[PDB]
Amino acid sequence: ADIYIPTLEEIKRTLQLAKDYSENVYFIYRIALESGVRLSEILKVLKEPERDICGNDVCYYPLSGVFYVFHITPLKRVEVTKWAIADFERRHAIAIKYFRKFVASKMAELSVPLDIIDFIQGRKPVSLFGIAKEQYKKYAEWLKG
């Protein structure tokens, strides 16, 4: 009951298409799928990947209250520009900007409260970060399977 939310299959396909095209581009879509965070925040983060923190289950990157880019696979230094992603899309797939709609949607299926989904995804609308990480862990589990 929501139009622009991709399906797992369409996402699965875009990932593969990106993997065949480039390892750098594939890595960006991968993080987009793990985080639910804007493309711009992803690129800002991959230029300083040494600030990434990885726990046993999930990883997280502190931005700048404060937001975190939650993800699963450790960051490596990637130099893609918005331009090179845009190029990729033009040749094909799901637009990366719709990846966060999917992510927010699965998180809601996994019973993550909307205020927490907003926090995970970077929008302003025990501790705060602790609860968010435990919630994020549900999406991380689902994602690996």
# chains A, B, ... in the order shown; residues from 1 in each chain; ligands from 1
>>> select_by_dssp(residues="stretch 10-144 of chain A", states="helix (DSSP H, G or I)", output="JSON, numbers by chain")
{"A": [10, 11, 12, 13, 14, 15, 16, 17, 18, 19, 20, 21, 23, 24, 25, 26, 27, 28, 29, 30, 31, 32, 33, 34, 35, 39, 40, 41, 42, 43, 44, 45, 49, 50, 51, 82, 83, 84, 85, 86, 87, 88, 89, 90, 96, 97, 98, 99, 100, 101, 102, 103, 104, 105, 106, 107, 108, 109, 114, 115, 116, 117, 118, 119, 120, 128, 129, 130, 131, 132, 133, 134, 135, 136, 137, 138, 139, 140, 141, 142, 143, 144]}
>>> closest_atom_pairs(of="stretch 48-145 of chain A", to="stretch 2-18 of chain A", cutoff="10 Å", atoms="only C-alpha atoms", output="JSON lines")
{"residue": "A:85", "atom": "CA", "partner": "A:18", "partner_atom": "CA", "distance": 9.7}
{"residue": "A:88", "atom": "CA", "partner": "A:18", "partner_atom": "CA", "distance": 7.9}
{"residue": "A:89", "atom": "CA", "partner": "A:18", "partner_atom": "CA", "distance": 9.2}
{"residue": "A:92", "atom": "CA", "partner": "A:17", "partner_atom": "CA", "distance": 8.2}
{"residue": "A:93", "atom": "CA", "partner": "A:14", "partner_atom": "CA", "distance": 5.1}
{"residue": "A:94", "atom": "CA", "partner": "A:14", "partner_atom": "CA", "distance": 6.0}
{"residue": "A:95", "atom": "CA", "partner": "A:14", "partner_atom": "CA", "distance": 8.5}
{"residue": "A:96", "atom": "CA", "partner": "A:14", "partner_atom": "CA", "distance": 9.0}
{"residue": "A:98", "atom": "CA", "partner": "A:5", "partner_atom": "CA", "distance": 6.7}
{"residue": "A:99", "atom": "CA", "partner": "A:6", "partner_atom": "CA", "distance": 7.4}
{"residue": "A:100", "atom": "CA", "partner": "A:5", "partner_atom": "CA", "distance": 8.7}
{"residue": "A:101", "atom": "CA", "partner": "A:5", "partner_atom": "CA", "distance": 5.5}
{"residue": "A:102", "atom": "CA", "partner": "A:5", "partner_atom": "CA", "distance": 5.3}
{"residue": "A:103", "atom": "CA", "partner": "A:5", "partner_atom": "CA", "distance": 9.0}
{"residue": "A:104", "atom": "CA", "partner": "A:5", "partner_atom": "CA", "distance": 9.3}
{"residue": "A:105", "atom": "CA", "partner": "A:5", "partner_atom": "CA", "distance": 7.5}
{"residue": "A:106", "atom": "CA", "partner": "A:8", "partner_atom": "CA", "distance": 9.8}
>>> atom_distance(atom1="atom CA of residue A:81", atom2="atom CA of residue A:47")
10.7 Å
>>> atom_distance(atom1="atom CA of residue A:128", atom2="atom CA of residue A:43")
25.1 Å
>>> select_by_dssp(residues="stretch 12-133 of chain A", states="strand (DSSP E)", output="NGL selection string")
:A and (53-54 or 59-62 or 68-71)
>>> residues_around(residues="residue A:139", least_positions_apart="6", cutoff="12 Å", atoms="only C-alpha atoms", output="list in words")
residues 33, 34, 35, 36, 57, 58, 70, 71, 72, 102, 103, 104, 105, 106, 107, 108, 109, 110, 111, 112, 117, 120, 132, 133 and 145 of chain A
>>> write_last_selection(atoms="N, CA and C atoms", output="CSV table (one decimal), in the first residue's frame")
chain,number,residue,atom,x,y,z
A,33,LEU,N,21.6,0.2,1.1
A,33,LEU,CA,20.7,-0.8,1.5
A,33,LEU,C,20.9,-1.1,3.1
A,34,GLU,N,22.1,-1.1,3.6
A,34,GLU,CA,22.3,-1.3,5.0
A,34,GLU,C,21.9,-0.2,5.9
A,35,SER,N,22.0,1.1,5.4
A,35,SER,CA,21.8,2.2,6.3
A,35,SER,C,20.5,3.0,6.2
A,36,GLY,N,20.0,3.1,5.0
A,36,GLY,CA,18.7,3.9,4.8
A,36,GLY,C,19.0,5.4,4.8
A,57,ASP,N,28.2,-7.1,16.1
A,57,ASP,CA,27.1,-7.3,15.2
A,57,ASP,C,26.9,-6.3,14.1
A,58,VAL,N,27.0,-5.0,14.5
A,58,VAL,CA,26.7,-3.9,13.6
A,58,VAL,C,27.9,-2.9,13.6
A,70,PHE,N,24.2,3.8,10.4
A,70,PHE,CA,24.3,2.4,10.8
A,70,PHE,C,24.5,1.5,9.6
A,71,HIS,N,25.4,0.5,9.7
A,71,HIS,CA,25.6,-0.4,8.6
A,71,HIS,C,26.2,-1.7,9.2
A,72,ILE,N,26.6,-2.6,8.2
A,72,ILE,CA,27.0,-4.0,8.6
A,72,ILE,C,28.4,-4.2,8.1
A,102,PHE,N,12.7,1.7,0.9
A,102,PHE,CA,12.6,0.3,1.2
A,102,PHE,C,13.1,0.0,2.6
A,103,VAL,N,14.2,0.5,3.0
A,103,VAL,CA,14.8,0.3,4.3
A,103,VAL,C,13.8,0.8,5.4
A,104,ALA,N,13.2,1.9,5.3
A,104,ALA,CA,12.3,2.4,6.2
A,104,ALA,C,11.0,1.5,6.3
A,105,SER,N,10.7,0.9,5.2
A,105,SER,CA,9.6,0.1,5.1
A,105,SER,C,9.8,-1.3,5.8
A,106,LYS,N,11.0,-1.9,5.5
A,106,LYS,CA,11.3,-3.2,6.2
A,106,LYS,C,11.4,-3.0,7.7
A,107,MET,N,12.1,-1.9,8.1
A,107,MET,CA,12.2,-1.6,9.5
A,107,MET,C,10.9,-1.5,10.2
A,108,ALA,N,9.9,-1.0,9.5
A,108,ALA,CA,8.5,-0.9,10.1
A,108,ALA,C,7.9,-2.3,10.2
A,109,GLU,N,8.2,-3.1,9.3
A,109,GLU,CA,7.7,-4.5,9.3
A,109,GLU,C,8.4,-5.3,10.5
A,110,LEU,N,9.6,-4.8,10.9
A,110,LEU,CA,10.3,-5.4,12.0
A,110,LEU,C,10.0,-4.7,13.3
A,111,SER,N,8.9,-3.9,13.3
A,111,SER,CA,8.4,-3.3,14.5
A,111,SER,C,9.4,-2.2,15.1
A,112,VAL,N,10.1,-1.6,14.2
A,112,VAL,CA,10.9,-0.4,14.7
A,112,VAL,C,10.0,0.8,14.7
A,117,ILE,N,13.2,4.9,13.5
A,117,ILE,CA,13.5,4.8,12.1
A,117,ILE,C,14.0,6.2,11.6
A,120,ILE,N,17.5,6.6,12.9
A,120,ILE,CA,18.5,5.8,12.2
A,120,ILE,C,18.8,6.4,10.8
A,132,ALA,N,18.5,2.8,19.6
A,132,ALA,CA,18.6,2.8,18.1
A,132,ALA,C,19.5,1.6,17.6
A,133,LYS,N,20.6,1.4,18.3
A,133,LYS,CA,21.4,0.2,17.9
A,133,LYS,C,20.7,-1.1,18.0
A,145,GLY,N,20.2,-12.7,6.4
A,145,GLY,CA,19.5,-13.8,5.9
A,145,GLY,C,18.8,-13.5,4.6
